[PDB]
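The chain below stands alone and is given in C-alpha cells; this is the form solved without 4-[(acetyloxy)methyl]benzoic acid.
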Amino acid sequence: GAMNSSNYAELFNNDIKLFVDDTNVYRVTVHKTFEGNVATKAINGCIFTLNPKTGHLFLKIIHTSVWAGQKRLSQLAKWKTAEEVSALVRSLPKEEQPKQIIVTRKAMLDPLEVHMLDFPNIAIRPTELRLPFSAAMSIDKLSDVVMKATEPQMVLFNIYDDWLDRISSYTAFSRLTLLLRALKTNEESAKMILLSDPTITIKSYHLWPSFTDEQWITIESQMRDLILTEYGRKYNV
C-alpha cells in the first residue's frame, strides 16, 4: 500500500521499483494580456521517473506541442504522465520491468492504474514521504535539456553520478533527497553551496560536483544548516 518511514529500506532491496513525479509535466507562466486579462503560456516539462536503487533516471521531456488545442490541461497532464510511464514499462525487457511504481502525488494513482491494467502484477502505490523531486528542474543540466527540446524526447541519466562506487544506495538516496530539499527550499543559497568553490567541477558526464568524501560531509552539513534556517526564517525560531 502506501509508502512511509516504517518501510523505508524497501526502496533499496532487490525488487525493481520506480518513483514517478509528475510535478514538472505541465508548466506555465501566467501573464497579463493586452486587454488586461490573464493568460498562461506553457513551457516544456518533464516526467521524473527514478529507480532509487540504481540511480537510473528516465527523463521524458514533455514538449509544449503536446498541449496544443487541448482542454483541462492539468487533468490531461496526469493521464499523459501515465501513458508515458506505461509506454516506458512496455519498452523495457520483462526482467527490467518494475514490480512496483510509487507515485509522489496520489492524484496519479487512478490514471496510472488504468493505463497499467495490462500489468496486474505491477503494484501502483502512493507514498507519505514529502519527496523533493519537483526541484529536479533546479539541476542545471536537467533544466537545460528540457528547455532546449524541440520535440518529445526521452533522456537517460544517473542521478547519483558515480556515488554508488563509494556509498550504498540508501546513503545515495538520502544525499539526493537532501540536495533536492535544499534546492527546493532556497535555490540560490543551495546552488551557492554546491558551486561556490571554483576548484571543484562537474564532470562532463555528471550532474553534481566531484566532491571527495570529506567534502560531501561538509556539503551535506551546509545543506542541513540551510534547510533548518529557512525553516526558522519562515516560522521565526
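Rigid core (definition): largest C-alpha set, two forms, superposition within 1.5 Å. Start at 1 with the first residue shown and count on from there.
- Once the rigid core is used to overlay the structures in 9 other deposited structures of this protein, the stretch among 52-60 and 31-39 whose CA atoms lie farther from this form is 31-39.
- Once the C-alpha B-factors are averaged per stretch, 16-24 and 212-220 rank with 212-220 first.
- Comparing 195-203 with 66-74, the higher mean C-alpha B-factor in the PDB entry belongs to 195-203.
- Comparing the C-alpha B-factors of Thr104, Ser143, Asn121, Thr81 in the entry, the top value falls on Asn121.
- For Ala182, the recorded CA temperature factor ranks within the middle third of the chain's modelled residues.
- In this PDB entry, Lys99 carries a Cα temperature factor that places it within the middle third of its chain's modelled residues.
- Among the modelled residues of its chain, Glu128 has a C-alpha B-factor that falls in the highest third, as given in the PDB entry.
- Compared with the other modelled residues of the chain, the Cα B-factor recorded for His115 ranks in the lowest third.
- In this PDB entry, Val30 carries a Cα temperature factor that places it within the highest third of its chain's modelled residues.
The same protein also has a form solved in complex with 4-[(acetyloxy)methyl]benzoic acid, omitted here; what follows describes it.
- Shown here without its ligand, the chain is overlaid with 4-[(acetyloxy)methyl]benzoic acid as it sits in the bound PDB entry; three or more ligand atoms lie within 2.4 Å of backbone or C-beta atoms, and the site is blocked.
- For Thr127, a non-hydrogen atom is located within 4.5 Å of 4-[(acetyloxy)methyl]benzoic acid in the bound PDB entry, even though that partner is not displayed.
- The closest non-hydrogen atom of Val20 lies beyond 4.5 Å of 4-[(acetyloxy)methyl]benzoic acid in the bound PDB entry.
- Counting a residue when any of its non-hydrogen atoms is within 4.5 Å of 4-[(acetyloxy)methyl]benzoic acid in the bound PDB entry, the hits in 7-28 run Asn7, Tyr8, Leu11.
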